[PDB]
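J.: Provided herewith is a single structure, encoded as structure tokens, for subsequent inquiry.
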Amino acid sequence: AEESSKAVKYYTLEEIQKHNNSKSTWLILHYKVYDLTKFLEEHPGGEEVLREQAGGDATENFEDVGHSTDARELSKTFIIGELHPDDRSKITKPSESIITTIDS
Ligand code: HEM
Numbered sequence: 001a002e003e004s005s006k007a008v009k010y011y012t013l014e015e016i017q018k019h020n021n022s023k024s025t026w027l028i029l030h031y032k033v034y035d036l037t038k039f040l041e042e043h044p045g046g047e048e049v050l051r052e053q054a055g056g057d058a059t060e061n062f063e064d065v066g067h068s069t070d071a072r073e074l075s076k077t078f079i080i081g082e083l084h085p086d087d088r089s090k091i092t093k094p095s096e097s098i099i100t101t102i103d104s
């Protein structure tokens, strides 16, 4: 009648957590929110690879897998929003420090 709205722009860890279905594959990369549902098809690992990560900040993982500057840039095509102040500094800014010392 007289209104409009779209583009998540800013979502909460929960909002993204709710979206973890092949239909609502939402995840957070680096600190933004991307629509995996739009990047489902694509990806070598498959659609799940994204779904299995959809439902929160996948960066924490996507960082280990060590994606390519292309994969990251490509995600910019799915970017629908970003993590709000509800869990920004909670995920925002990637980082990981683990000691690797195995043998098997
Ligand atoms: C929003 C984030 C993601 C995007 C846009 C993305 C994109 C891609 C792309 C383009 C590739 C092909 C090679 C490359 O990395 O450039 C790839 C491969 C892969 N990704 Fe992701 N990925 C994302 C998140 C993840 C997460 C969270 C995991 C782990 C849970 C994951 C696991 C893998 C694996 C195992 C491969 C296959 C390895 C290979 O191609 O040799 N990805 N991803």
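According to the entry's author numbering, the sequence shown holds residues 1 to 104 in order. Backbone N, C-alpha and C define an ideal beta-carbon position, used for all residues, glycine too.
Considering only the alpha carbon of each residue, which of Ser5, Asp35 and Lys6 lies closest to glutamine 17?
T.: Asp35
J.: Whole angstroms are fine: how far does the CA of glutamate 60 sit from the CA of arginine 51?
T.: Their Cα atoms are separated by approximately 15 angstroms.
J.: In the DSSP assignment, find the alpha helix (DSSP H) that holds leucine 36 and state where it starts and stops.
T.: 36-39
J.: My output table needs one value for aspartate 70: the three-state DSSP class, helix, strand or coil.
T.: helix
J.: When the distance is taken between beta carbons, is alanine 58 closer than 8 angstroms to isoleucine 79?
T.: no
J.: So, for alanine 7: in the same chain, excluding its five sequence neighbours on each side, which residues have a beta-carbon less than 8 angstroms away from its beta-carbon?
T.: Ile80 and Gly81
J.: Apart from the five residues on each side of it in sequence, which residues of its chain come closer than 8 angstroms, Cβ to Cβ, to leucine 40?
T.: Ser22, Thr25, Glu47, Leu50 and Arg51
J.: Who are the Cβ neighbours of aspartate 64 in its own chain at under 8 angstroms, not counting the five residues just before and after it?
T.: Here the set comprises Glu96.
J.: Is the distance from the Cβ of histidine 84 to the Cβ of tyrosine 11 below 8 angstroms?
T.: yes
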